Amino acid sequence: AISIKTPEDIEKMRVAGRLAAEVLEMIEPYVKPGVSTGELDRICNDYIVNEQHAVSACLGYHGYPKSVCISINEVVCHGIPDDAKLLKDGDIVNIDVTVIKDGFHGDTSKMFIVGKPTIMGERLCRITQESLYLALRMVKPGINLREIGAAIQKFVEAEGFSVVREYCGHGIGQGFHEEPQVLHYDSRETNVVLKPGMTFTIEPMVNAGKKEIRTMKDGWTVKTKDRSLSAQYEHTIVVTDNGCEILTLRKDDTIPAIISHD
């Protein structure tokens, strides 16, 4: 559009964003060696539907068959939960949740390391999260999204890693994937000035190796071409008069929910 949310709209996004975040806090103790991604997905859907009184935006959307996306190791994104896929020590696992409540969407993802961490896994997860946080700290009215993507890329590359090009952040509200596209790297194509009341996600995908990615024969599951590890974190935000408010913050986040400039 780009769609500006009213205060009422924003309050409903606060509620959907909290619910999405709560799914991620809930699922954590279940993420252990020997659990399958299929069970994790069931637990999440059961929780969203029967405790939260909400629904998964994933389920049925363009025919997607499950309720969350679960992406392990070299899978970059859109991993499909499966009863036969079991987690094991050292795995890094992204769970991407999107909840609809009262017509509004809340979208967020985080990494989990399973059992005994490996050093590359810990590092990649930490740097990815730090790249999301740096971008969040830049959001305010007047800024251009190009600057934010540029800053993500500079940081990630300086840390020896690479930024997935083909996937980005997005506006969100009564629609799951709204304008604008929120690129996580510098592009001359990008020119979006932020205004208060915009709501969008930042969701960098970072590869320990080379940025290149291959989609699977299923035209969907995405892996890293060099089979390097890939990590992602995502938050949903609203642009405020002097900053942003994070709508999907968790107790384990180490960034304030409200960021203020001046």
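What we label the rigid core is the largest C-alpha set whose atoms superpose within 1.5 Å from one form to the other. One-based numbering along the sequence shown.
- In terms of root mean square C-alpha deviation after superposing on the rigid core in 5 other deposited structures of this protein, the stretch standing farther out between 42-50 and 211-219 is 211-219.
- For the pair 212-220 and 39-47, the record assigns the higher mean C-alpha temperature factor to 212-220.
- Relative to one another, 113-121 and 129-137 have unequal mean CA B-factors, and 113-121 is the one with the higher figure.
- The entry lists C-alpha B-factors for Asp96, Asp102, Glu178, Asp186, and the highest of these is at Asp102.
- Annotation for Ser67: CA B-factor lies in the middle third of the chain's modelled residues.
- For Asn191, the recorded CA temperature factor ranks within the highest third of the chain's modelled residues.
- Sort the chain's modelled residues by C-alpha temperature factor and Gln52 lands in the highest third, per the entry.
- Ranked by C-alpha B-factor against the other modelled residues of its chain, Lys32 falls in the middle third.
- In the PDB entry, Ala21 places in the lowest third of its chain by CA B-factor.
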